[PDB]
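Chemist: Turn this into a structure:
(8 chains)
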Amino acid sequence: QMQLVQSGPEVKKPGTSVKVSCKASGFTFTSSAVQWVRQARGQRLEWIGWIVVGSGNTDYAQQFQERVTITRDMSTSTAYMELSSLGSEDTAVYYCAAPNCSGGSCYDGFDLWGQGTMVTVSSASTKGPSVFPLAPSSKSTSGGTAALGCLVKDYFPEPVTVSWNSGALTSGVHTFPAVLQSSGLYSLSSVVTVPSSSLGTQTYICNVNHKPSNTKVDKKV
Amino acid sequence: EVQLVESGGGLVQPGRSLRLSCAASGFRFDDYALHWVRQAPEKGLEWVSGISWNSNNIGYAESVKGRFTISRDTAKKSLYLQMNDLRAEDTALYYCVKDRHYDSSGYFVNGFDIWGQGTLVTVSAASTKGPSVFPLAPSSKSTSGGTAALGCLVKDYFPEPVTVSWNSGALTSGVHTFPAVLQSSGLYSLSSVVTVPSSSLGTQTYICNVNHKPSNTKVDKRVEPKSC
Amino acid sequence: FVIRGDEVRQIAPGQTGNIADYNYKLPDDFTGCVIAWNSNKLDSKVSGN
Amino acid sequence: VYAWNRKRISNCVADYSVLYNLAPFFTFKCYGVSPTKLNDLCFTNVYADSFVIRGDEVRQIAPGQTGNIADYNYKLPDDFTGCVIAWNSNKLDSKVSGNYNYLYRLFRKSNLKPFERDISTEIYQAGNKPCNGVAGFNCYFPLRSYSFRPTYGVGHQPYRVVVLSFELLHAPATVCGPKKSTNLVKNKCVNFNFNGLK
Amino acid sequence: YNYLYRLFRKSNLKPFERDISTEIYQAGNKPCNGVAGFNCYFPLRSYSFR
Amino acid sequence: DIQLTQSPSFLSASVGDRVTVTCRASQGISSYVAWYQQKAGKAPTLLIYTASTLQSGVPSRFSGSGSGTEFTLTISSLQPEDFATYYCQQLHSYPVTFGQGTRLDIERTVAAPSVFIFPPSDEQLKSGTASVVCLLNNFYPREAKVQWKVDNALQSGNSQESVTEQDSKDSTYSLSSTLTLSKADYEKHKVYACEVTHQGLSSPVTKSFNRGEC
Amino acid sequence: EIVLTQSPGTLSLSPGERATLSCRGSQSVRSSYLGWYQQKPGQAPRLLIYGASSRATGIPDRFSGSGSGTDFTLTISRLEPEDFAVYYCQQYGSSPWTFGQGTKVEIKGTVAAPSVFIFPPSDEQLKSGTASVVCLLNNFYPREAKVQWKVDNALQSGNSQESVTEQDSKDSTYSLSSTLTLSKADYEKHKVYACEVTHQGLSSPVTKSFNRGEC
Amino acid sequence: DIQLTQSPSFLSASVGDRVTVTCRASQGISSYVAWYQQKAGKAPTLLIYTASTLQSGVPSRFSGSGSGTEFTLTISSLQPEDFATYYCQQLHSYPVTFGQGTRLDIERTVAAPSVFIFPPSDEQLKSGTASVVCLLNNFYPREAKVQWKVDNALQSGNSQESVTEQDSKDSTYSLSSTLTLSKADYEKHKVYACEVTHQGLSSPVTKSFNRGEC
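Modeler: Numbering: from 1, shown residues only, chains lettered A, B, ... in the order given. Shown next is the protein structure:
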């Protein structure tokens, strides 16, 4: 099967270099090409350059130059991209794209796309999240509906998966994407809408899972 | 001429067996492999069985194992497909095919060169029922842009066919006869409709002729606009 | 007839072997030609012939 | 390698002995005929070729073996009566900045028939879409040169390869090797071979 | 590199006779003294089967 | 057994183009692949065997190849007799499976489908059963979706659809959807509607009638 | 630098309606070196149109591309609920290959007023030395609204972070949550915290305010 | 060098089934592969060489095939002596490197683990060190996860896990997780809990004790 396999997520300090790999299988690598595309959260799909696998000629855009390198290995059938002088703006998703080649003929467009490599550039260290519930009150209730939640604050990586009552409560649950604070740490809010009559008779528990820091937090609401 | 003839098919009740026959003509029969293929309506084709020249390699699909038995005889040049404990899945058009290298499979070169016309095998609890025809009367909801849509609904028949003609064959333009569909009750049903100008409503009489030969039922249903 | 590749020699005047001795034997005085060819694409089964 | 050279060595006496002094031992491997008895036997015509490649492609040269350089440039035929010379040429074919004078082909529509002369330089249309003679996606320039520098390893070092191809025809044999002679003795009973009379 | 063979020798061999000698063969008048590159060759060259 | 899958289920095409189908297997059946073609209401006929070799009397336009687990039948040029359904078969093991088939279709201008709804007649209502028919007429793209809405509620599981063959005059198909309900159930509701989703149609068209309205 | 700009920022419509997408190039390119990619949230982009006129494999006939030179168009004849996503246009021929702005094709409906809820910081949160007030906006059709944080009737800027979820597939509702992050001392140094919403559906700006001592 | 990998690390199987091993490499090693079987507490022995040829005195149930970078070791039927660890071996060149191996396992009904937690002994506390042991007993799925929570805070990097071999009577596995902390650190905290996640448990089972409670 024709597919592209990329490296796992990476976290690196600013000013250093990052290594990104893209392995190809299921098609003639020595008759294909590699295109590198970087996408940030809600930003532009941008060009990093392309290489002919067969010949090895390289080209680079003016915007991304003198710190980007492309290398290839025929034995491993893997594409390699090097980025040096990392900055805070370099935190984004790296995609590798190749035009599928059935036999000796190659499709005139890029169809095979990798899953992406998450590269995060920041100087802060991996820290566990501090979870604080949003206790409901008479000021968060309107029309017989009560809303309560839990706040996740201060986690350097942001895969904070939030399940409620061990997954028993899912309706009306709104987990918002993490926002990067000025301190360099991530924060997110997860809230639910429940009937006001359920306050006092039903227990609400928010289960927070931050695997990078190996932290397990469950707070009463 | 290399030709193949199938025979023995028909309508069978569950719990009753049958025996299909595959005639051979125009080619040497003692050295050529033979296979059976069945085709149920609108589900592609399906392999049934395959025999060898020396009657040493005999194989069936696992779906039909334990109930069927293939045999061949050189004296009469025929292939015999034997039925036992027929069920609903057995309703299909059965083709007898001739291979080209005296064995079923395993060879680098194999192929069903000639395909027979096939015989129709139907398995059901059939009881002959005449068709019931109801008029699809034209109204304000069937008229769009100066043309009127009208038809007849042939409903309830264990025998599948019902030749439908309009005005004894005088009306042929715009006639659309839908294929029969097997209802949950086990009886067939279909619709035949024809598009006519709206100005012809009330001046031209439209009669649909439905003929069901197995039940010997002939009904001519006149379609009239719904008088509110 | 059909034989394997190794005993193609056995079908010839003056040579001996299981096939030559028992299956097919040529006379000492022979006037004719022998034709043989590979039949792996034609007579070979995956399961076995 | 992509543009090889051919010379017709005819109407002379060969001196294959001089070839052995080249190389520390040799790279002389010789196909289809005994290497050490080429002197006495006589041949019709002797073709000679010459080109420069890297290390692994001298192995790629061998008859029957398939390789991108081999199949796209030279492609010795299956039935071959002749043999090749090779030796290290790092001393006189290496540039510190990198030599750009030697080029090889990478990809073509198909393989060349034995001893085909192709110096094609047109833009290659790998895809069905017409390239129209301009570089871009799925439209690559078909010639890429080497870069020989002293710092590379022996595998990537340049090697000079000379290929000889013997052939026989209805000609009366012209180009074959030398015949040596001894002293002359008189008044003694001696078997003799005077120019074919014995 | 376990199968060797001989290439240069001074004279032809007699029938059913074996040599194992490893001495530098002199094709030139100048002596080689076991170590030389011009007109002097090592008698044995090894096979290389692939 | 080895499972064979046809990547294109249906393929509309025109004269002079190229058509390629893909037969994909699960295990590796080497090159023991052939193809058949069935004419309309006629027994299938072999075209190519061993995925590369033409049998006899077959037009040179037909061609194909295959290696490993991928096999492709290719038609260089199209002719009026080419329009048919093609099947691929495996030959490695003793059990044999036929492919689900690839149906090639003719090319014709897309026309918007006319939608008509027919309330159940009094005669069939006297029989205790009620069937409402939504007529979907004169459409070229066979892909058409019909949704039944009873009192603005979607009905599923009680509807059957029948599609006619390609018309020989205008190359437009016809589709009939029938929703069958009992007399009591039919009388328990007032508004019956059929919703038609077609590529040509700008918006989903709904035809509705009131039981108490003539 | 051949930059691509797509004028339509938003293409709010209904499933089925006429959809037209625009891709503008600052400099002309070759006729058949453009691409059209559709991207769903959480899914990798997939090619729709190559050569600016040709359809990719498996692409329904509803998608069609047209144009030449500097102006190109992506046409979808009939919108389907799987087709509401972000569409990208990318060049293939120039020395740079860049992507377009991206057209967010979403569903359209009547404007609905948001439900505003405000959350005072909990006692457990206050025990850690931090306090965050959350203003929640529920079920509003226009995705973007304006939320202002007023503390003791004074506007606050630079301490509020807002997050927005995707468009709902049932009742066409956009949600929004604004969180004002402050220290415990800063939270206890002020009395009244209010969030002001100036959403289009709201005829007048609705402000939800609360006092610390009334909790 | 060429890096070689076995896809299945563990594979539970029963008598009479079919077992397949996936030994995949990077470069093309032609057919220079072989398989070894290591008996429990014994030196490994050959099963197959050059990927196709049985060596000597090997049961006919063992078989294999493969081309290029792909090879398959196959066991048609299982016998009680088959249970062992398998290693595949490449032989293209001199940096010879063994694969990580595949361990075959028996098949039986899954069981739930019994979780017990042992507070550090007073004699241990007198030595300045404290060890908390969480015991897992009778869990048939060898795969089990244990997490240490101290004062409702999850601990990482200070726990060691030890698992016994499969029992010869009831085929049970026993896992011991030991959390080692200093006496001062142990006295600085009150609640110590070990959380066990296992296939036989519908929800995680946590055993906790308080330092101040006997």
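Chemist: C-alpha from now on. contacts and neighbour counts both.
Modeler: Fine.
Chemist: Tell me how the chain divides into domains.
Modeler: Here I'm looking at chain A. A:3-121, A:130-220 (curated CATH domains).
Chemist: hmm, I had chain F in mind actually
Modeler: Chain F breaks down by curated CATH domains into domains covering F:4-105, F:114-210.
Chemist: Show me the contact partners of stretch F:96-112.
Modeler: With CA atoms under 8 Å, 6 or more residues apart in numbering or on different chains as the test, stretch F:96-112 has contacts from B:43-47, F:1-6, F:8-14, F:21, F:83-90, F:138-141, F:171-172, F:198, F:200-201.
Chemist: Would you mind measuring from the residue lying closest to residue A:54 once chain neighbours are set aside to residue A:74?
Modeler: Ranked by CA to CA, 6 or more residues apart in numbering or on different chains and with sequence neighbours excluded, the top spatial neighbour of residue A:54 is residue A:30, at 5.0 Å. Applying CA to CA, to the nearest Å, the value for residue A:30 to residue A:74 is 7 Å.
Chemist: can you check residue F:130 too?
Modeler: 70 Å.
Chemist: What's the local residue count around whichever residue of chain F sits closest to chain D?
Modeler: Going by CA to the nearest CA, chain D is nearest to residue F:18 of chain F, at 13.5 Å. A count of neighbours around residue F:18, defined by other CA atoms under 10 Å in any protein chain shown, yields 13.
Chemist: Who does residue 20 form a beta bridge with?
Modeler: No chain in the question, so chain A it is. residue A:81 (DSSP bridges).
Chemist: that's the wrong chain, I wanted chain F
Modeler: residue F:74.
Chemist: Could you give the number of residues near it?
Modeler: Residue F:20 - counted by other CA under 10 Å - has 13 other residues nearby.
Chemist: Distance of it relative to residue F:49?
Modeler: 16 Å.
Chemist: now do residue A:11
Modeler: Counting by CA to CA - residue A:11 and residue F:49 are separated by 56 Å.
Chemist: Then residue A:66?
Modeler: Distance, residue A:66 to residue F:49, by CA to CA: 57 Å.
Chemist: The two: which has the busier surroundings?
Modeler: residue F:49 (21 against 12).
Chemist: Okay, and the beta partners of that one?
Modeler: The partner residues for residue F:49, given DSSP bridges, come to residue F:53.
Chemist: Give the helix, strand or coil label for the residue in chain B positioned nearest to chain C.
Modeler: Using CA to the nearest CA, the single residue of chain B nearest to chain C is residue B:106, 4.7 Å away. What DSSP: H, G, I helix; E, B strand; the rest coil gives for residue B:106 is coil.
Chemist: Equivalent analysis for the one 4 residues further on, please.
Modeler: When the structure is reduced to helix, strand and coil (three-state DSSP), residue B:110 reads as coil.
Chemist: need the contact list for it.
Modeler: B:99, B:100, B:101, B:104, F:49, F:91.
Chemist: try residue A:104
Modeler: Neighbouring residues of residue A:104 by CA under 8 Å, 6+ apart: residue A:31.
Chemist: more crowded one of residue F:130 and residue A:74?
Modeler: Neighbours were counted for residue F:130 and for residue A:74 using other CA under 10 Å; residue F:130 has more, 24 against 12.
Chemist: wait, the more buried one sits on residue F:120?
Modeler: Yes - taking contacts as CA atoms under 8 Å, residue F:130 lies within contact range of residue F:120: 5.7 Å.
Chemist: Show me the helices in chain F, by range?
Modeler: Remark: helices assigned in chain F by DSSP state H are F:122-125, F:183-187.
Chemist: Let's have those in TSV, adding mean neighbour count.
Modeler: Converted to TSV, the helices of chain F look like this (neighbours: other CA atoms under 10 Å in any protein chain shown):
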stretch	mean neighbour count
helix F:122-125	14
helix F:183-187	15
